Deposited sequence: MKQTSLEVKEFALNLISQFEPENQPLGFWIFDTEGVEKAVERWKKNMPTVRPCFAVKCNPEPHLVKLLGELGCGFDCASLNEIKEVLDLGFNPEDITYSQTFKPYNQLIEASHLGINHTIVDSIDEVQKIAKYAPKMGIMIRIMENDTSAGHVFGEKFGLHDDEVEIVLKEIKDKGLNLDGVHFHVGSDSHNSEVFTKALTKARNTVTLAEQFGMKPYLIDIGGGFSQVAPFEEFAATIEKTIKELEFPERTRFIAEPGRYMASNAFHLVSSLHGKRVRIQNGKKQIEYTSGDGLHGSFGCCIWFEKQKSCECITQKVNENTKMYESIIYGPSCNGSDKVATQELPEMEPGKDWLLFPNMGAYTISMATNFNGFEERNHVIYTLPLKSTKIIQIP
């Protein structure tokens, strides 16, 4: 965007080579809002619960919650961060398959009422320390196998515990849409099975792994259509755990250069750069505008190796790099974008 480029340049001008930091973040408030209203439009029946683990930055977590998003917390620290921002503990879901005893007890005292289980031991762990917490069964390491579902449901019933419903999380190898279709059908069967156990499961957590099925508008339409076709009980509500989807367009990294090496190899020179970070995606050189024939060279950018991209020859201390749409798991001053 042009507004992001101009705001970055206005901030870069405040620095000389001697005083320039490793980099700075740009908080795209409109980028967060556009992602939320896009979700609410395409998936009306599924309320998004942001995975705080993806990006626990106070401003983003605050903004998302104010926009009506729920909260997906993996640890007690993530639980406490949400509660400190003034959000109600009912909107929080303690999504941790194996919880530390001290944290599980503290969560109960803090007012947390929703958690996830994928083992017979965790059912007993909850029954012993916080037996009032609602339990969600995780289906498909990480998850519960087909035959084990009955053994766990029996244990939840035998311990007299509350079942909120079913949960599933797909891997990083999402891409194929039909895995969500199968997992929802598998979840629908788990509901009717649990209903026979005398339980009333009202919550289906479809998990995360979004923005990995590209035509989102269409991918959201398929989930929405499948939800209707499976005919879930009238009382059932649907939540998701989108992390990468919400956090991506939230932040923009603007890094500085503090190293250069020109190396002619196999006939043509490649230029190595060292960007503001320790040596251990797509970016552009914002400081100089490309005049078409600006002599583009294959550039290797180091943190170990953050980007291999076609870039014009840059001068360390003068030239800067903008990495568009970061914050997604990538988590040093943060400047809010003007709007």
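Missing C-alpha coordinates mark the following deposited-sequence intervals, in order: 1-4, 145-156, 297-308, 332-337, 366-378, 387-395.
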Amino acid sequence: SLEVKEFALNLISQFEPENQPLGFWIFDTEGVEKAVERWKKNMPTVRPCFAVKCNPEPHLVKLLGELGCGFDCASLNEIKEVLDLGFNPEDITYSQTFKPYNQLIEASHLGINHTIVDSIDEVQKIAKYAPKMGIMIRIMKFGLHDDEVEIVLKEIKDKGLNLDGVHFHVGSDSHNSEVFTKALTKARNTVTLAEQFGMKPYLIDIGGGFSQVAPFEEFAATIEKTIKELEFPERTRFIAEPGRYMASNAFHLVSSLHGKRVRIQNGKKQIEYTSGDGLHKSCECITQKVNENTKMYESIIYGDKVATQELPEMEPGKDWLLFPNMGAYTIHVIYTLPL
From here on, numbers count along this sequence of modelled residues.
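For the two regions 174-182 and 197-205, the entry's Cα B-factors average higher over 174-182. For the segment pair 61-69 and 290-298, the entry gives 290-298 the higher mean B-factor, averaged over Cα atoms.
Of the candidates 124, 266, 77, 97, the deposited coordinates give 266 the top C-alpha B factor.
Split the chain's modelled residues into thirds by C-alpha temperature factor. Residue 129 is in the middle one.
In the PDB entry, a CA B factor belonging to the middle third of its chain's modelled residues is recorded for residue 88. Among all modelled residues in its chain, residue 321 ranks in the lowest third by Cα B-factor. In the deposited entry, the Cα temperature factor of residue 211 places it in the highest third of its chain's modelled residues.
Placement of the Cα temperature factor of residue 81 within the chain: middle third of the modelled residues, per the deposited record.
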